[PDB]
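Note that these values count all heavy atoms, side chains included, but never hydrogens, waters or copies made by symmetry. The chains referred to below are lettered A, B, ... by the order of the sequence lines, with proteins before strands, and numbering in each begins at 1.
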Amino acid sequence: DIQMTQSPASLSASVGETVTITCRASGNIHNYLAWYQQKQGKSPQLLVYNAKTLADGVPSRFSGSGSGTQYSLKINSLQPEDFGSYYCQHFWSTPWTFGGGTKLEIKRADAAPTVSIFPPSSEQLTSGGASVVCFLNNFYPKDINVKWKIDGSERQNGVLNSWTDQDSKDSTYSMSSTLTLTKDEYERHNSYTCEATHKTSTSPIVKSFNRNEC
Amino acid sequence: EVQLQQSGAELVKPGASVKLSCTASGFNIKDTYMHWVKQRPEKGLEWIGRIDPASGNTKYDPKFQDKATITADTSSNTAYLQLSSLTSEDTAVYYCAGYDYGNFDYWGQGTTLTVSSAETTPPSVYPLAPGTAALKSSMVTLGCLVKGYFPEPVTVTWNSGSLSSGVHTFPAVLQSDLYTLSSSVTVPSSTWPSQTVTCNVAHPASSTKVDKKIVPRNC
């Protein structure tokens, strides 16, 4: 019956920075709120419970506040190891729902992706299958939208997307999108375009290859 | 010190049913509520439910009422999650946690559950040769489609590791019951195709070790 609306979903910050993440219960939770931090490939760890009481081993830079429905977690001097996701869970009543989570990422300047499309290898065609790939490398922020087209017609199914997490040495992101067609279809069309829409360009970065134009 | 050990990853087929363990050491599970939390690949933490080991009192998230069943055996100090009629929607990491209202909050390393019919399949590694507009620029990006394999993982190195930087090996995505991953490598336009660039992908399960030179396509 009660749902937590965590905000913001993503938050970019830098070492030394102060940050506040919020969670609004859909009803009054009476400070029965907890905040969790989840670092990459790790199990959540409690930072704060009861809205403001810091858990064990949680340094003073973390503060928690709120009352009733609006709650916040503030991290004062962002150290490098504070980067991770943050979830708030209410334990006021069943279900003890979680907020949607907030990813805290290292802020860096925008970088447009380096897009690259790859037609299907002759070896795959031989198996009656055909996958066109599109790598959108080293970009930032991570909000990006890829759209495939086969002869100007959008194609929604068959697309398989993946993302790396923010690079350790340059903090950029990367995505790889794969359209999986059958050979029958593939050899029945000519233009395969991969359209990426990112913050760094108002118009889509597009890459195409024509099947029989080679 | 406290430790909640969860079963290793689990493999099961659609329609089947699995029972994940979560054992606690360094504390009696009945001193807190044992929770089970699901975390879909790259998505939020969804609380499935909890079991008050003391009372057998279980509470669930309506969405999981029929899909899940949490039980416990204070004897072995273990809680369990019984997922019934698996769907590809049940593929996620399943975390068990011991906690309630205070600072006693411990989590397990997590159990990754994957719903797949697939049998241990080698991947079809396909050399990804470029869509040329990148050619008349400083660097060229090549890649490898390591497709239709099972189960994870796969190590993709390039030029036997000689190519260490500029590589982006992307996370695998389970589609239509099989894994597919692609890796990329950026090398100066000088190095390829002039010099060899081959992707070596190893799949320990199927024991397949495969090298694939990225030969320019018929373009």
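Aromatic ring centres of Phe209(A) and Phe118(A): separated by at least 6.0 Å. Between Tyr99(B) and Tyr49(A), the distance separating the two ring centers is not shorter than 6.0 angstrom. For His198(A) and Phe139(A), the ring centers sit closer than 6.0 Å to each other. Checked against a 6.0 Å centroid threshold, the rings of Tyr36(A) and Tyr87(A) do not count as neighbours. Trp35(A) has its ring centre no less than 6.0 Å from the ring centre of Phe62(A). Residues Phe98(A) and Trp47(B) place their aromatic rings such that the two centres sit no closer than 6.0 Å.
Between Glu105(A) and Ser10(A), some side-chain heavy-atom pair lies under the 4.5 Å cut-off. Using a 4.5 Å heavy-atom cutoff, the side chains of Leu179(A) and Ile150(A) are in contact. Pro14(B) places a side-chain heavy atom less than 4.5 Å from the side chain of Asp177(B). When side chains are defined from C-beta on, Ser85(A) does not count as touching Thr102(A), because their heavy atoms never get closer than 4.5 Å. In this structure the side chain of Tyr179(B) never reaches within 4.5 angstrom of the side chain of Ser116(B), judged on heavy atoms. Taking 4.5 Å as the limit, some side-chain heavy atom of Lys67(B) sits within range of a side-chain heavy atom of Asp90(B). Contact check for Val146(A) versus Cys194(A): side-chain heavy atoms found under the 4.5 Å cut-off. The side-chain heavy atoms of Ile51(B) and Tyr80(B), taken from C-beta on, include no pair separated by under 4.5 Å.
Applying the 6.0 Å contact sphere to CD of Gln109(B) captures no more than 12 heavy atoms from other residues, nucleotides or ligands. With a 6.0 Å radius and a threshold of 12 heavy atoms from other residues, nucleotides or ligands, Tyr32(A) has its OH atom at or below the threshold. Counting heavy atoms of neighbouring residues, nucleotides and ligands inside a 6.0 Å radius, atom NZ of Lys42(A) does not exceed 12 of them. Annotation: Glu81(A), atom CD; neighbour count of heavy atoms from other residues, nucleotides and ligands within 6.0 Å is above 12. Crowding of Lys30(B) atom NZ: a count of heavy atoms from other residues, nucleotides or ligands under 6.0 Å not exceeding 12. Counted within 6.0 Å of CG on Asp66(B), heavy atoms from surrounding residues, nucleotides or ligands total more than 12; the atom is thus considered enclosed.
Not a single donor-acceptor pair under 3.5 Å links the side chain of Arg50(B) to the backbone N or O of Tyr60(B). Listed for the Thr97(A) side chain is a donor-acceptor partner under 3.5 Å among the backbone atoms of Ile2(A).
To the nearest 0.5 Å, the span separating NE2 on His90(A) from OG1 on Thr69(A) amounts to 13.0 Å. If you take NZ on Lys213(B) and CG on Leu142(B), they are separated by 13.0 Å, rounding to the nearest 0.5 Å. We find the CG-CD distance between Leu181(B) and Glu152(B) to be 6.5 Å, quoted to the nearest 0.5 Å. Atom NZ of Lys38(B) sits about 5.0 Å away from atom CD of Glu46(B), to the nearest 0.5 Å. Expressed to the nearest 0.5 Å, how far OG of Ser162(A) lies from CD of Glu42(B) amounts to 8.5 Å. Rounded to the nearest 0.5 Å, atoms NZ (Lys142(A)) and OG (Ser171(A)) are 13.5 Å apart.
Taking every heavy atom of both residues into account, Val159(A) and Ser177(A) meet most closely at CG1-OG, 3.3 Å. Considering all non-hydrogen atoms of both residues, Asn77(B) and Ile29(B) come closest at OD1-N, 2.7 Å. Nearest heavy-atom pair, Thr186(B) versus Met139(B), reported as atom, atom and distance to 0.1 Å: CG2-CB, 3.5 Å. Closest approach of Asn200(B) to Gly161(B), counting heavy atoms only: OD1-N, 4.5 Å. Nearest heavy-atom pair, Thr196(B) versus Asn159(B), reported as atom, atom and distance to 0.1 Å: O-ND2, 3.2 Å. Summarising the geometry of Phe135(A) relative to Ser182(B), their closest heavy-atom pair is CE2-OG, 3.3 Å, with the distance given to 0.1 Å.
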Practice task
Step by step, work out the side chain to side chain contact (heavy atoms under 4.5 Å, CB included) result for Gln195(B) and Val187(B).
Solution key: CA-CA 10 Å; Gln195(B) 245 59 58; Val187(B) 301; over 6 Å; no
Exercise for the section: Begin with the C-alpha distance, continue with both residues' side-chain angles, and end with the deciding distance and a verdict on side chain to side chain contact (heavy atoms under 4.5 Å, CB included) for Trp96(A) and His35(B). Expected result: CA-CA 10 Å; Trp96(A) 288 9; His35(B) 304 261; 3.4 Å; yes
Practice task
Evaluate side chain to side chain contact (heavy atoms under 4.5 Å, CB included) for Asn137(A) paired with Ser184(B), printing each intermediate quantity in order.
Solution key: CA-CA 9 Å; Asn137(A) 289 152; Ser184(B) 67; 3.4 Å; yes
Problem - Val19(A) and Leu78(A): CA distance, side-chain angles, deciding distance, side chain to side chain contact (heavy atoms under 4.5 Å, CB included) verdict - result: CA-CA 8 Å; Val19(A) 153; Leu78(A) 266 166; 3.7 Å; yes
Problem - Full working for side chain to side chain donor-acceptor pair (under 3.5 Å) between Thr200(A) and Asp110(A) - result: CA-CA 7 Å; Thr200(A) 51; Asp110(A) 302 358; over 6 Å; no
Problem - Working for salt bridge (charged side-chain N to carboxylate O under 4.0 Å, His left out), residues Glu89(B) and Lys43(B) - result: CA-CA 12 Å; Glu89(B) 295 174 63; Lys43(B) 277 181 166 51; over 6 Å; no
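In this structure, a donor-acceptor pair under 3.5 Å is present between the side chains of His168(B) and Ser174(A). Residues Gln6(B) and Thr111(B) have side chains that bring a donor and an acceptor to within less than 3.5 angstrom of each other. Side-chain atoms of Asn57(B) and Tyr33(B) include no donor-acceptor pair closer than 3.5 Å. For the residue pair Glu10(B) / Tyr94(B), no side-chain donor-acceptor distance below 3.5 Å is found, with atom types taken as modelled. Between the side chains of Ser206(B) and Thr208(B), at least one donor-acceptor pair of N or O atoms lies under 3.5 Å. Looking at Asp73(B) and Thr78(B), their side chains never bring a donor and an acceptor atom within 3.5 Å of each other. A side-chain donor from one of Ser55(B) and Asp52(B) sits under 3.5 Å from a side-chain acceptor of the other. There is no side-chain donor-acceptor pair under 3.5 Å between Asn138(A) and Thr114(A).
In summary, of the residues considered (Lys207(A), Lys147(A), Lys149(A)), a salt bridge (charged side-chain N to carboxylate O under 4.0 Å, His left out) with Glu195(A) occurs for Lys149(A) alone.
Scored by the side chain to side chain contact (heavy atoms under 4.5 Å, CB included) test, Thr178(A) finds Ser131(A), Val133(A), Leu160(A), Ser176(A), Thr180(A) as partners (sequence neighbours excluded).
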